[PDB]
Amino acid sequence: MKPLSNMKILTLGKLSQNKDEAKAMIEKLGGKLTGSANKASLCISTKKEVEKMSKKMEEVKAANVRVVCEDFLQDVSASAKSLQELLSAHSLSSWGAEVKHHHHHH
């Protein structure tokens, strides 16, 4: 039971899991709640939140953090498939440190 224990988490806006249901379940896996943006690994947000494209969303986007649905937590909690496979479909965003060792600067 170490799905989120190897990564930090951030949640923006209301999600399916409640206050006492999100915080408790996220910490139970090993997941942690960050206060910054880029420090986080996968941000928890729904497509509806993304459609709005609020100022906060811009921060996440400019922070280079991938966005995934909250049901992700339920998926790892219940199912135990591949990490890559889960974010392959659940991921609502295609950004988030796409390159870890590539020189695109000039």
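Residues numbered from 1 in each chain as written, not as in the entry; some residues may be left out. Heavy atoms only, no water.

Per the deposited record, solution NMR is how this structure was determined.

Considering the nonpolar core
Nonpolar side chains in soluble globular proteins tend to end up buried together. Quick reminder of the rule: In these notes, a set of buried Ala, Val, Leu, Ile, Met, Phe, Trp, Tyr and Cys residues joined through side-chain atoms within 4.5 Å is what counts as a nonpolar core. Residue exposure (1.4 Å probe, protein chains only): buried if accessible area is under 20% of the type maximum, exposed if over 50%, otherwise partly exposed. Secondary structure elements are taken from DSSP: a helix is a run of H or I of four residues or more, a strand is a run of E of two residues or more, and numbering for both begins at the N terminus. The contact criterion used is simple: two residues touch if any of their non-hydrogen atoms lie within 4.5 Å.
Core analysis: the biggest nonpolar cluster contains 15 residues, and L4, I9, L29, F72, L73 and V76 have the highest contact counts within it. Elements represented by at least two residues in this core include exactly helix 1 (19-29), strand 3 (42-44) and helix 4 (71-78). It is helix 1 that contributes the most residues to this core, four residues altogether. What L73 contacts, discounting residues up to four positions off in sequence, is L4, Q17, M25, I26 and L29. In terms of nonpolar packing, the next biggest core, distinct from the first, is built from 10 residues, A40, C43, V67 and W95 among them.

Details of the environment of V60
Looking at the secondary structure, you find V60 in helix 3 (residues 55-62). Given the relative accessible area of 8%, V60 is considered buried. Sequence separation between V60 and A40 is 20 residues; the distance between their C-alpha atoms is 9.5 Å. Contact partners of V60, with chain neighbours within four places excluded, come to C43, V65, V67 and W95.

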